[PDB]
Amino acid sequence: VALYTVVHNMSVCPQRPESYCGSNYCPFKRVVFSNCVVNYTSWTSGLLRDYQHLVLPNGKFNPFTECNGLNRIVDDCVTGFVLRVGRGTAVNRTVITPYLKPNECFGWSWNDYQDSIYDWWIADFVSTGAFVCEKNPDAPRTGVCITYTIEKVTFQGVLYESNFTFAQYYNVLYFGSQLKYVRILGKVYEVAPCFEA
Amino acid sequence: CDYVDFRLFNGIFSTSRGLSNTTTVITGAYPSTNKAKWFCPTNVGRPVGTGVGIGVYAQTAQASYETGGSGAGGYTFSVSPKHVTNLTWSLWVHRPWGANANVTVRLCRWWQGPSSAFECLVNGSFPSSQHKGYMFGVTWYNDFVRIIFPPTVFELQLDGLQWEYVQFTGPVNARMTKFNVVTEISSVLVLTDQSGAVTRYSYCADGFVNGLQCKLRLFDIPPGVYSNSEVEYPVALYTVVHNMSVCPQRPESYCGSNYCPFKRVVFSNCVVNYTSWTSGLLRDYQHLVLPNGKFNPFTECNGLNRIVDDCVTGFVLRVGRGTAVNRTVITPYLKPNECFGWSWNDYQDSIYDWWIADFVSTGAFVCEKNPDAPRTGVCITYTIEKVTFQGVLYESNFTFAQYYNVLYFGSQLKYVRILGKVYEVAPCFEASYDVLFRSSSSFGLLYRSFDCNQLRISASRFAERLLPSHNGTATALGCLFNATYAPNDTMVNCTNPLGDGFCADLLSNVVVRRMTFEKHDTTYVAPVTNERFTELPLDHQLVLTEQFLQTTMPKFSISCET
Amino acid sequence: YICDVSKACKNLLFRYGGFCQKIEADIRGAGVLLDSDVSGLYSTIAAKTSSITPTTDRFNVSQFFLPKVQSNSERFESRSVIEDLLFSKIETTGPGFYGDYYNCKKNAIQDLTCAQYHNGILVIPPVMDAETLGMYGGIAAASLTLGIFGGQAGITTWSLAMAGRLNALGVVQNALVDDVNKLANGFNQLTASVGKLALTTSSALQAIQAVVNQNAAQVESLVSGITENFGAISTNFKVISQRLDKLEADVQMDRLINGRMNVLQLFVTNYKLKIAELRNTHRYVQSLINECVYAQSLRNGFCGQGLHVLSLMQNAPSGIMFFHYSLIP
Amino acid sequence: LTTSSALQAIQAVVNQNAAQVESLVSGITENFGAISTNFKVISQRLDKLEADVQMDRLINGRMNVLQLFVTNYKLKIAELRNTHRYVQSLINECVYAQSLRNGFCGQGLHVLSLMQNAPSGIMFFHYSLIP
Ligand SMILES: *[C@@H]1O[C@H](CO)[C@@H](O[C@@H]2O[C@H](CO)[C@@H](O)[C@H](O)[C@H]2NC(C)=O)[C@H](O)[C@H]1NC(C)=O
Ligand SMILES: *[C@@H]1O[C@H](CO)[C@@H](O[C@@H]2O[C@H](CO)[C@@H](O)[C@H](O)[C@H]2NC(C)=O)[C@H](O)[C@H]1NC(C)=O
Ligand SMILES: *[C@@H]1O[C@H](CO)[C@@H](O[C@@H]2O[C@H](CO)[C@@H](O)[C@H](O)[C@H]2NC(C)=O)[C@H](O)[C@H]1NC(C)=O
Ligand SMILES: *[C@@H]1O[C@H](CO)[C@@H](O[C@@H]2O[C@H](CO)[C@@H](O)[C@H](O)[C@H]2NC(C)=O)[C@H](O)[C@H]1NC(C)=O
Ligand SMILES: *[C@@H]1O[C@H](CO)[C@@H](O[C@@H]2O[C@H](CO)[C@@H](O)[C@H](O)[C@H]2NC(C)=O)[C@H](O)[C@H]1NC(C)=O
Ligand SMILES: *[C@@H]1O[C@H](CO)[C@@H](O[C@@H]2O[C@H](CO)[C@@H](O)[C@H](O)[C@H]2NC(C)=O)[C@H](O)[C@H]1NC(C)=O
Ligand SMILES: *[C@@H]1O[C@H](CO)[C@@H](O)[C@H](O)[C@H]1NC(C)=O
Ligand SMILES: *[C@@H]1O[C@H](CO)[C@@H](O)[C@H](O)[C@H]1NC(C)=O
Ligand SMILES: *[C@@H]1O[C@H](CO)[C@@H](O)[C@H](O)[C@H]1NC(C)=O
Ligand SMILES: *[C@@H]1O[C@H](CO)[C@@H](O)[C@H](O)[C@H]1NC(C)=O
Ligand SMILES: *[C@@H]1O[C@H](CO)[C@@H](O)[C@H](O)[C@H]1NC(C)=O
Ligand SMILES: *[C@@H]1O[C@H](CO)[C@@H](O)[C@H](O)[C@H]1NC(C)=O
Ligand SMILES: *[C@@H]1O[C@H](CO)[C@@H](O)[C@H](O)[C@H]1NC(C)=O
Ligand SMILES: *[C@@H]1O[C@H](CO)[C@@H](O)[C@H](O)[C@H]1NC(C)=O
Ligand SMILES: *[C@@H]1O[C@H](CO)[C@@H](O)[C@H](O)[C@H]1NC(C)=O
C-alpha cells in the first residue's frame, strides 16, 4: 500500500502563539495551521523535564493528552486546525483538562516547573480542506502494482511517468469513470492496470 | 456596468475531480450573468458601491494594449456582519496602485482599513495576475469562507460568522475593477476540454431552455419529448399551529442565607422572551449578542445547535450564581441535550448569573413568536406536524376532532387545522410539465396531470394560480399549450410517442396526432362447403422481418471481501 | 423524492455511489421495454376485416363483444358490455391515490387526464393503453371474423361459418338449421352467464384482483416512504440542521436519505421484476391471438380442452381476457 | 438505429449493461459520508465511537451496491430461462423445419428462416409472402 494524504510540497507551519499575556487580562491568541509541515516539539521549551508526559511509549513526541471525537495519538497527518494557547497554575502538580467542544484536542507542557506554571494549547479542527503533516510526500515507485490512496480514493494499479498534461487545479484526471492520470510532486503519472492480480 | 468579459468566467469554475471531455452540473455561489448586477461607473473620483449577499466577484480590466502603462486598480473591499462590534470578525482586502502589486487580505477583529486589531486569522500578502484580464472572488455561504484567487483557493469554516454586507471602492484609470455581489446559490452546466478545463458554461436559471439543458446534461438539444420538468414553490414551516401563551419568568439566582439546591422551572408550549433572562443593561450581556444584532441565550451546547433559530423543544431550566476569576466564566460539565449561558449580575464584583437548559422529551415547543395564518390559493411546500407536503390550502367548513391538527383519508392528507381554522389540502396539478421540443424558438408544453377546462381556470379558486401557459387545450393527456391538437389525423410512422395512442409530429410545427398500426391478414383459409364468392390474391409481396432475442451474458466471479 | 426542495440535501446525494443516476437509468429503460412489447402486441391485434360485413343471425356476438352504440346522450363510450362488467366487478382498494387512479380508468370520461404527479413521480400512460380502448373498435381494431371466416372472405353469415366449423371438427357432416341453432343457444346462454360472475367463484376475476391488489400495496409503500421520519426529528432538512449540532445533524440526515433511498429502490426492483415476467407473457399472448383467435389450431388443449369452436378477446383492467368456446363430450 | 426495432432491441441491452457497470464503479469511488475510502485512515484520525460509525457507513454503502448487482443479475437469468425455451422452439420449428403455426415465423406464408449471431444473442431473419 501507499497512502498520499497530500501530493504536493508544503512549506513550514507558523510558530505556536506565545502564552504570556502582557499586563492585564486578555483573550487568547489564535493562529491557523493549514497546508504546512509541523514540528510539534517546537511547541514546548525543549527541556525534557517539561514535556515527559507527552512522550509516547515508542519514544515519539505527541502534542495532545485528550481529544473530543478524534484520536489523541497523531499518526503523521491531520486536517487543518485553529490553535489557541494560554497559561495556568497547577495545584499539587495536577493539570485539569477543561471542557472540550467536539473536534478539539488538548495538550500542555511545563513552563516554570518549580512555580507550577504551564502552557496549554487547544486545537480546534475546523473544515479547511487542507492538511497538516509532519513530512512531505515522496515520489512513487513506478512499474510495480501498488494499492494507492490518492485524493481520498483507493485504487490498485501501476504508475508510469508520462508526458501528458492536465490543468493545475486538479491532481487526478478521469476519462468517464476511469482514473487515467494523477499528479504527484508536480509530475504526471499514467495509471495502468495490473492484469496479473 | 457597460462591458463584463463573460469569457473570464471559465477560470473560476471547477469540479471536484479532473474530468476529461465531460458535461456535468456544478452548484455553488457564482457570479451573475446579468450585466446590470455588475458595478463599474466612471466618474471624477472613485465611487463606493455596496451590496448585501453571500459573496462577491471581481474582474480587472484588460491591461495589455489599453494605454494604461503601470496603473491597474486598487479594488479595496470589505465584508462585515450587520452589527460590527469589538467582538465580530470582518474581512478587508486591498490592492495598491500599480503593476507588480501584492494583494493584502485581512480577516481580523478591529476596535476601529485600520492598522491595529485585536487578532487576525488571515494576515497575508501575495502577488496577483495583471498581464491579462483576471477574475477572483470571496464567498461566505453558510459561514464557510472561500478565498478564490486562481490558481489557489483558501478555505476555512468559521461558525457564527454571519457576513452579509459588502462595500467596495475602485480607482478610475484611463477603466475600473468591476464588482458583483452574489445573492444566491446557482446551478451551472459546464463542458470541459481534454485537460479538464471548463470551456463552455450555461446557467440553469437564465431561461426556459437553460433549465432543460441542465435537466438533460446537453448543450445542443435534439428534437424530442422530454418529460417531468418541475416547478419549484416556496416553503412554509409550522413548528406549531396553535397560539401559545407567555412563558414563566427565569428562576431567581439569589440563594437566601445558606447553601441551597438550584431552582428548576419547566418551559413548554409557550412564547419566550430570552433577553428577559438578563438584567437589561447592555454591558452585562454583550457576549450573548450575535453578529446579526440578535440576542442568543446560549454560549455552549452538548448535542444541540447553540444558535437558536426561533423554535426549540421544551426544556427544564435551572439557574445559579458564581464568581469569575480574571473575567473568565468557566463552562461546567454538560450532559447530552444541555445548553449553557450566562450574563453579568454585578460586573464590578465579577458576579454572574448562569442558566442550564436540559431539553427533555415533552412533545411541546418553545418559540419566540406565534404562527400566522396561511396564504390560501397558492402552491406551497408546507411542513405541518413534522410531515412535509406540497399543496394548496383552501378555507373549509369541514370539522374534525379537536385533539388532531391533521386529518388523513387512508394515506392521503385531506385537512389540516391552523390557528383554529380548518383548511382543505388540494393538489397543485401544475407542478409538472413536459416539453414537446423542436428548437429553442418552437416548443409546446404538456401539463400531464392538469385538466384545464375553462370552468376551472376561470373560477376564483384558480385566480392566484393562473399563469399564461395554463390556457391551453384539454386533452386526454392533460393540458396542451401552444401546440395544435388534431385527434382525427393519423400517423403510422411515429417517432415521438406521447402515450395513449397519441404522437407528436415535430417536423414543421408542434402537432399532436393519433397513432395507427398496419393491418395484417392470416393464413388460415376457411373451408369451402357450398358455391359462393371468395377473395383470392393476385400476387404476393416478399417480406423480411427481423427478430432479436437475448441469449447470453458473461459469467461473474466475485470476491466480496475484496 | 429524496430531498424535496432542500438544497442542502441535494449537495449530499453525490456521496452515495451513483444511486440517483442508476435509478433514472433503470426506470427509463424498463419503460422502453414496456413500450417495445405493447407496440408488438398492437401490430398483432390490428387486422383486416371483410369489406362486406357478415350478418350474425342468432349468435349475439355484437351485443356483448362489440362497442356500445352512442345513445341519445353526448357521452361517448368505446367499451363493449363485457368490457364494462370486467371493470365494475373489481373491488376497490379504499381511499388513496391508486383508488383515485383506478376510478378514473373505470369511469373513462372523454378528454379527462388520469395522470398524477406526487413528490417527483409522474404516472404516464404507455404507448397504447388498453384501458381506454374497446377491442373491436377504434383505430387499432381487432378483427371479429378472421378466425372462423378465415383470410379469404365470402362466407355470408355466421350460420354458414359455424356449419363449416362443425363439419371440420367432425361432429356433423352437413349441419342443418337445428344443429346450428343448438350451437347458437349454447353460445348465447354462456355469454349471458359472464354477467353473473362473482369474484369468489371466478378464477379469471381473481387473477385481475390480484394484479389490482399488488398495485395498491406498492403505492402505499411510496406514500409511506415520504410520510415517516425513519428516526430523525423531522422530515424537514432545514429543521434538522438548525436544531442539532454538526455530528448529530449528519447522523439524522443519513437516516432520512437512506430510508427514502431504500423505499424508492425497492419500487424500481419490483417494477423491473414485473417487466421481466411480461416479456415472455407477451410472446404467449401473441401466440394465443395468432393461433386461437385469428386461425384454427391443431394443438391439443392450447385453446382450452376439447374441440375448439371459437375464441374471442376483450380488454380487462391491465390486460386481456380470452373467451374460449369448446365442445367436450 | 432510429428506424429498426431489432437494432433498438440490441441497443437497449447494451445500454443496460453500461448503466450497471457504472454502478459498480461508483460504489467504490464514493465515500458514502465517511472521511476516506481508506479504512486505516479512518481508525487513525477518529476516536473509537466515530471510527465505528463511519466504517459502518462504508461497509453498508458498498454492500448495497454489490447486493443490487446480484439481484439485477438474478433477475436477468430468470427472464432468460423462458426466453431460451422460446428460442429453441424458433430453431426447431422455423429454421430446421416447416411450421404449421399461423404467425409464429412472421405473418404470411413462410418461405425461409435463417439465423445470425448478434451482440449478446441471436437474430432470426424470417422471409414470408403476404398478398
Ligand atoms: C524541531 O524542533 C526542535 C525543538 O526546537 C528542534 O531541536 C533543536 O534544534 C536546534 C537546531 O537549531 C538544536 O540546536 C537544539 O539542540 C535542538 N533541541 C532543542 C531541545 O532545542 C529541531 O531541530 C526541529 N526540527 C526537527 C526536524 O526536529
Ligand atoms: C470596544 O473597544 C474599545 C477599545 O478596546 C473600547 O474603548 C475603550 O473604553 C475604555 C472604557 O471602557 C476606555 O477607558 C479606553 O480609553 C477606550 N479605548 C481604548 C483604546 O482602550 C470600547 O469601550 C469597547 N466598546 C465596547 C462596547 O465594548
Ligand atoms: C499583520 O501583518 C503586518 C505585516 O504584514 C503586521 O504589521 C507589523 O506589525 C509589527 C508588530 O506590531 C510591527 O513591528 C511592524 O512595523 C508592522 N509592519 C510591517 C512589518 O510592515 C501586523 O501587526 C499584523 N497584524 C497582527 C494582528 O499581527
Ligand atoms: C422582552 O424583554 C425586554 C427586557 O425586559 C423588554 O424590554 C423592556 O421593555 C420595557 C417595557 O415595559 C421598557 O420599559 C424597557 O426599556 C425595555 N428594555 C429593558 C432593557 O428593560 C421587552 O419589552 C420584552 N418584550 C419584547 C417583545 O421584546
Ligand atoms: C383563455 O383563452 C381563450 C381564448 O383566447 C379566452 O377566451 C376568449 O375570451 C375573450 C375575452 O377577452 C372573449 O371575448 C372571446 O370570445 C374568447 N374566445 C375566443 C377568442 O375564442 C379566455 O378568456 C382565456 N382565459 C384566461 C383565463 O386567460
Ligand atoms: C339474443 O339476441 C336476441 C335479439 O334478437 C334477444 O331476443 C330479444 O331479447 C329482448 C330482450 O329481452 C326481448 O325483449 C325480445 O323479446 C327478444 N326477441 C326475440 C325474437 O328473441 C335474445 O334475448 C338474446 N339472447 C340472449 C341469451 O341474450
Ligand atoms: C494539595 O496538597 C496538600 C498537601 O500536600 C493537601 O492537604 C491538599 O488537600 C491538596 N489539594 C488541594 C486542592 O489543595
Ligand atoms: C516524453 O518526452 C521525451 C522527450 O521527447 C521522450 O524522450 C519520451 O520518450 C516521452 N515519453 C515518456 C513516456 O517519457
Ligand atoms: C519538494 O520537497 C523536496 C524536499 O527535499 C525538494 O527536494 C523538492 O525539490 C521539492 N519539489 C519537488 C517538485 O519535488
Ligand atoms: C510583494 O510580494 C513579493 C513576493 O511575495 C515580495 O517579494 C515583495 O517583497 C512584496 N512587496 C511588497 C511591497 O509587499
Ligand atoms: C476528447 O479528448 C480527445 C483526446 O483525449 C480529443 O479528441 C478531443 O479533445 C475530445 N474529443 C471529443 C469528441 O470530445
Ligand atoms: C489572574 O490575574 C493575575 C494578575 O492579573 C495573575 O497573576 C493570575 O495568574 C491570574 N489567574 C489566576 C487563576 O489567579
Ligand atoms: C361555508 O359556509 C358558509 C356559510 O353557509 C358558506 O357561505 C360557504 O360557501 C361555505 N363554504 C366555504 C368553502 O366557505
Ligand atoms: C392568536 O394570537 C393572535 C396574536 O395577535 C391573536 O390576535 C388571535 O386572536 C389569536 N387567536 C387566533 C384564533 O388566531
Ligand atoms: C419514418 O420516419 C422517419 C423519421 O421521420 C424517416 O426517417 C423514415 O424514412 C420514415 N419511414 C417511412 C417508411 O415512412
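Could you compute the FRET efficiency for B:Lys421 and C:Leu266, with r as their C-beta to C-beta distance and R0 at 30 Å, rounded to 0.05?
Values: r = 39 Å, r/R0 = 1.30.
That pair, B:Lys421 with C:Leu266, gives E of 0.15.
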*Determine, from the Cβ-Cβ distance of B:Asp372 and B:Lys35 and an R0 of 45 Å, the FRET efficiency 1/(1 + (r/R0)^6), rounded to the nearest 0.05.*
0.70
*What percent of all Cα-Cα pairs in chain C falls in each 20 Å bin, counting up from 0?*
25, 46, 21, 7, 1
*Alpha carbons only, please: Rg and Dmax for chain B, in angstrom.*
33.6, 128
*Relative contact order (percent, whole number), region C:183-271, Cα cutoff 8 Å, 6+ residue spacing*: 24
*Charge dipole (region C:87-185, unit charges on Cβ, about Cα centre) - positive-most of C:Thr93, C:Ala175, C:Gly134*: C:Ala175
*asked:* As an exercise, use a Förster radius of 45 Å and the Cβ-Cβ distance of B:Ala463 and B:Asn43 to find the FRET efficiency, rounded to the nearest 0.05.
replied: 0.40
*Any idea what the dipole of chain D comes to, in debye rounded to 20, about its Cα centre with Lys/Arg Cβ at +1 and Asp/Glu Cβ at -1?*
240
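Compute the normalised compactness of region C:1-124: alpha-carbon radius of gyration over 2.2 N^0.38 Å, N being the residue count.
Taking N as the residue count of region C:1-124, the ratio is 1.62.
Where in chain A is the longest stretch that carries no trypsin sites (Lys or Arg not before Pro) classed as loop by DSSP and with at most 10 other Cβ atoms within 10 Å? Could you put the intermediate results ahead of the total?
Values: sites that count: A:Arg93, A:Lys135, A:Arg141.
Here the longest segment lacking exposed loop sites spans A:1-92.
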*Pulled fully out, how much extra length does the chain show between B:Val360 and B:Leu544, if you take 0.36 nm times their separation in residues and subtract their Cα-Cα distance?*
58.5 nm
*Mind telling me which of C:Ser234, C:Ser62, C:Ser143 comes out most flexible in a GNM of chain C, alpha-carbon contacts under 10 Å?*
C:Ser234
_region C:1-88: chymotrypsin sites (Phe, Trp or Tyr not before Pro) in DSSP loop, at most 15 other beta carbons within 10 Å_ = C:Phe76
*Of C:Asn60, C:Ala30, C:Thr44, whose Cα points farthest to the positive end of the dipole of region C:1-97 (charges on the beta-carbon: +1 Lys, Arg; -1 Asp, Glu; origin at the Cα centre)?*
C:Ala30
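Region A:1-33: which chymotrypsin sites (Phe, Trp or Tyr not before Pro) are DSSP loop and have at most 14 other beta-carbon atoms within 10 angstrom?
Details: sites: A:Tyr4, A:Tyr20, A:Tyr25, A:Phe28, A:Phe33; in loops: A:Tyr20, A:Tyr25, A:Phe28.
Of the chymotrypsin sites (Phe, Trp or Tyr not before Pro), the ones in loops of region A:1-33 whose Cβ has at most 14 other Cβ atoms within 10 Å are A:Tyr20, A:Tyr25.
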*State to the nearest 20 debye the size of the charge dipole of chain C about its Cα centre, where the only charges are +1 on K and R beta carbons and -1 on D and E beta carbons.*
340
*Where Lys and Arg each count +1 and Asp and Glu each count -1, what net charge lies around B:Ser125 among other residues with Cβ under 14 Å from its Cβ?*
+2
*Projected area, mean over directions - the protein assembly as shown, Cα convex hull, nm²*: 61.5
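For region B:341-499, build the convex hull from the C-alpha positions and give me its volume per residue in Å³. Don't skip to the answer; put the middle values down first.
Details: hull volume 41.5 nm³, N = 159.
Dividing the Cα hull volume of region B:341-499 by its residues yields 261 Å³.
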*With each pseudo-label sitting 7 Å past Cα toward Cβ, what's the B:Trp97-D:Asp56 distance in nm, one decimal?*
6.4
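List the relative contact order of region C:222-287 as a percent without decimals, with contacts defined as Cα pairs under 8 Å and 6+ residues apart. Please list the in-between numbers first.
Values: 33 pairs, mean separation 21.9, N = 66.
Result for region C:222-287 is 33 percent.
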_Positive-end residue, region B:435-544 charge dipole about Cα centroid, Cβ charges, pick of B:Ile457, B:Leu544, B:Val435_ = B:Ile457
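Placing unit charges on C-beta atoms (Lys and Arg positive, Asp and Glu negative, everything else neutral), compute the dipole magnitude of the protein assembly as shown about its Cα centre in debye, rounded to 20. Show your work: numbers first, answer last.
Numbers: 94 positive and 92 negative charges, 220 e Å.
Computed about the Cα centre, the dipole is about 1060 debye.
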*Measure nothing but the geometry: give the 0 to 90° angle between the long axis through the Cα atoms of D:5-26 and the longest principal axis through the Cα atoms of chain D, rounded to 10°.*
10
*Would you mind calculating the gained length between A:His53 and A:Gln168 on full extension (0.36 nm times residue separation, minus the Cα-Cα distance), in nm to one decimal?*
37.0 nm
*asked:* Using a 7 Å offset from the Cα along the Cα-to-Cβ direction at both A:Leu185 and B:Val316, what is the distance between the two label points in nm, to one decimal?
replied: 6.2
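Positions of Cβ are generated from backbone atoms using ideal geometry, with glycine treated the same way; all protein chains shown enter the neighbour counts. No lab work stands behind these numbers, since they all come straight from the coordinates.
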